[PDB]
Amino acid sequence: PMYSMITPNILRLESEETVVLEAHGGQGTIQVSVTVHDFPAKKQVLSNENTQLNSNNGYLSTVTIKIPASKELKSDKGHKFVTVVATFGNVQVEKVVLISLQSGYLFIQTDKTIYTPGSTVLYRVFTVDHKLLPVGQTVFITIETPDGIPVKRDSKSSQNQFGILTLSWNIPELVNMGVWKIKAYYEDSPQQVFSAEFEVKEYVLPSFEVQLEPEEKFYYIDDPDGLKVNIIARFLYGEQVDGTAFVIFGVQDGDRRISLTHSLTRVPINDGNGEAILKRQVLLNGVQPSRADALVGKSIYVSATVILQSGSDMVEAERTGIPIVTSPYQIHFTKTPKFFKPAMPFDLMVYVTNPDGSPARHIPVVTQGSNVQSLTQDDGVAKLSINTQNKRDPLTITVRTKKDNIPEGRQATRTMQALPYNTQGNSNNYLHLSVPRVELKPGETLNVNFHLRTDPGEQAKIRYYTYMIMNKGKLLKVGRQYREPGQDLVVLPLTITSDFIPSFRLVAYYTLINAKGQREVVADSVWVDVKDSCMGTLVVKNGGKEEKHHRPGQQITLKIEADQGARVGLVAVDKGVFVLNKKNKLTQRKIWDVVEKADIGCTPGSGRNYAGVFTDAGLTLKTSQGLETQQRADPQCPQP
């Protein structure tokens, strides 16, 4: 028989971590003891647990260990390790694991993202642990100038406020203007500084606002008519503007402003409407190289001073960042896996974006050569399944957008290369996990397809698949999916709960004894999105009748629904600030962006070998036959 031990490759101190124990071919009852020792001396048993392997659990059991944060492990010199030893009766299995205490998360929410002098910055700091549960610890909170000078250093304990540090600060009337920074760190971890930024500009009271709407959200460099920009000028109280707009165009050359002086036109504004056109001959001559290709990758800015007809007020606005490209889309292969399986379909995930970085919705993309065509959704991602041949050659894939009313020279096109999985001893023993692309919400049920491909003498030896579900760098669910002989497709139904948000990895494998008498392990993994929801629940609704328009000074009733014992922090903000600077405002996706960076996997699936699957997904393996994984030193993954 073969005994196997699977743990996550980084174990957290003061945390419940899951150890998987499994006896391939066990008989009777096998008592297993798991011991955690200090590295490299093994002088102290840090954790000790017990379980059994029998026929009732299928010779597969899990063990929860909690390594305490001792004074030797808290030392700041060198990456520390522990040694986990599992004893399967008389056979011991032993693996050295990297450790990290972590338990550091600080989220900062300002009440708004732009301020005038004299305003009050209302800001909250939420103090949670590694499980995102509230902790009561001392936090040092620093407000810094745009030049970086600290003007306010607070120290607040979140023990009695239970994790919601609610504070305020008054901006003085004379102050630095620019991008201010709030910084926060725990008292026991000063090197983990978390930050949010806000902007302080000056008082602006327009009698009328000016909006510069270009006809397209980009400029085609081979467009003969040019770039039309609609001038929409209206009062803040709603009325229309009659007057005269003085409009000038220009080129933003990276970090360079080139004023097009020959584009300066006088435009009348009648009933709040006017039009200024930048002709193509003004754009080419005004930039110092008069090349259409040397204008690609730049943007057009446009400034317009609108005067009222009685000469009464002038309000000037600017629309920057209108790109001078030929393709309105950018193809990205960032959400797709980099490794394919031979003679099995490759789930290509093409991410199509607008030139400002926003996701391009409902854009048809076609792969060249295979003619697979799909549409993007609201997230900008399209799924194209490419049927691969039974070859271990690198698969070169070119994706091209095919939206109508756009010429073929103006379509986005990008090329990638996918690499094949390497089997043991050039054998035909493969595994492929096939998952349908649904925006998975908690409450939906996912059917996962377990495809087998083996040599015909090796097919009957496979009785089960052993699957593992990981979420937030922890083993969430382990089980077995059994298989009758002759079943080339086995389906595991999986209910998505709230513990799967934001994303989860499913890793599955089978073992066998091949035609050379050697123990072969074949594995596969897949990364699945979950719709950005919440581990708990928090809704704010109306408590009275659903009135569309309210009056000033009207009493309304708010209905606030949360979990039992939850503390809810509130703010009522004007809508005009929420839309302005969105990159500094706390959203629910920004919670799920932060935990997505803290993960122990680097690739969205597959690997170089059997040890390539466990290491790329965040696991490690040690078997009694000698099958193992490499050691992890760095929690990060390299980029050029």
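So that there is no doubt, residue numbering starts at 1 and follows the sequence shown.
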Quick one: say whether 299 to 307 or 138 to 146 has the higher mean Cα B-factor in the deposited entry. 299 to 307
Identify the stretch, either 330 to 338 or 165 to 173, whose C-alpha atoms have the larger mean B-factor according to the entry. 330 to 338
Which has the highest CA B-factor per the PDB entry: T120, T557, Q191, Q288? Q288
Between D76, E202, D499, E444, where does the Cα B-factor run highest in the record? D76
By the recorded C-alpha temperature factor, relative to the other modelled residues in its chain, which third is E596 in? lowest
Should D616 be placed in the lowest, middle or highest third of its chain by the C-alpha B factor in the entry? lowest
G28, C-alpha B-factor rank within chain (lowest, middle or highest third): highest
Of the three thirds of the chain ranked by Cα temperature factor, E49 occupies the middle
Third of the chain, ranked by Cα B-factor, where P407 sits: highest
